[PDB]
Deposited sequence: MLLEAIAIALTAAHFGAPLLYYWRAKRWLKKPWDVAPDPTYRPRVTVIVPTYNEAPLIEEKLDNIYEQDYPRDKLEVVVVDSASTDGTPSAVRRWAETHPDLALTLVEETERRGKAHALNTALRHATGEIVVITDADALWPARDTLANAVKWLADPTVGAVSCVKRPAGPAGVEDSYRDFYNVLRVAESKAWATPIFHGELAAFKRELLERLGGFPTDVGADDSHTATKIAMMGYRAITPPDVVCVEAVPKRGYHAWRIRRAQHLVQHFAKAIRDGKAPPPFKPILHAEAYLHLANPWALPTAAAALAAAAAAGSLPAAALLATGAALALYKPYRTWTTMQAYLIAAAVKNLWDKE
């Protein structure tokens, strides 16, 4: 009956860890920000939209950037497209001449070499103090979204700002709590704002990691700057429609590469090290504890004891309730990401 022991031990560990971490997040959450947004801070801003074959959405994406209240003499746009088959370059060119007061630079590249490479080239042609990366399928809900993020970058210790997303609460809590404590290791591509000096020390975006926003936020936090996601900087998450599950596992893959590579570079500031280690644990270790328990009880069930069959029937019965479904499928995504990662490289 020792596989029931190991099963309920592993289940207690797997579900115990995130809830203790959530409780420590909620005590950080009730401590006030040690940095302040400044509404008169007005630096030069470069918004970069990297695009590969997104001719449908990029006209309306440009219209969405165009409609920000942010003052236009301090705003410029670089649409970086590295050899798209669709007519995206002269779609942006067409729009570019329909909206002339908005400074636009379409830089085009020999050859597609991935998102980070495109971003790196766009960086050298950018003139702003703040660089905002945003995905072409991302739309900013308000006309002061951009200004809200910028207001949060005024403090010299804040190196990077990203948004809180809406369409779980637990996920958001971890974000803003880690932000208040020091930094959050997960940023969002819907809006990722960096100080150009910092990108330029790092320097630029490196090709090796999938989650460029989160990896850059994490290395800026490693340097002693704040990487934060304030609750009033909110974007809408762009859900893909096709291949929802493949899309979510590929995001999980980016997160697992990022956390695996991040923990292997020691020396985190004392405020960050518990955040970094907890998030890396939840992303690299805890998922495995789940299906190991499930297999322990499956073997215990098919042969022998079958209180284990009651435990798996209760597991399915708890798939009734939708937060359990969300959590278990996120763990599933993470496990698939780990194996897809290991066999992807060869």
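- In this entry, the deposited residues absent from the coordinate set occupy a single span, 168-177.
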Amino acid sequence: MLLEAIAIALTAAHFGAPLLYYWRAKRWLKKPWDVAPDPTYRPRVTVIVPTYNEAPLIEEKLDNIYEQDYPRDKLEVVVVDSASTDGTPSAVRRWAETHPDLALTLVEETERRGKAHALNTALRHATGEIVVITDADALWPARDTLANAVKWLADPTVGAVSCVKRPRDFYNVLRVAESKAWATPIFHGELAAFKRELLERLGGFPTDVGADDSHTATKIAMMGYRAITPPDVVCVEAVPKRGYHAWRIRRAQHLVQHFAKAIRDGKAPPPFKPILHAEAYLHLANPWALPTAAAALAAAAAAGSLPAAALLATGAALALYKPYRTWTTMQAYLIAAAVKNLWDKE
From here on, numbers count along this sequence of modelled residues.
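- Stretches 216-224 and 234-242 differ in mean CA B factor, with 234-242 having the higher one.
- Between 321-329 and 334-342, the higher mean Cα B-factor belongs to 321-329.
- Per the PDB entry, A301 shows the highest C-alpha temperature factor of the residues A289, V47, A278, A301.
- Out of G210, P185, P156, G189, the entry records its largest CA B-factor for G210.
- Among the modelled residues of its chain, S305 has a C-alpha B-factor that falls in the highest third, as given in the PDB entry.
- Ranked by C-alpha B-factor against the other modelled residues of its chain, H283 falls in the lowest third.
- Compared with the other modelled residues of the chain, the Cα B-factor recorded for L146 ranks in the lowest third.
- The entry lists a Cα temperature factor for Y52 that places it in the highest third of the chain's modelled residues.
- Residue-level temperature factors show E178 in the lowest third of its chain, judged at the C-alpha atom.
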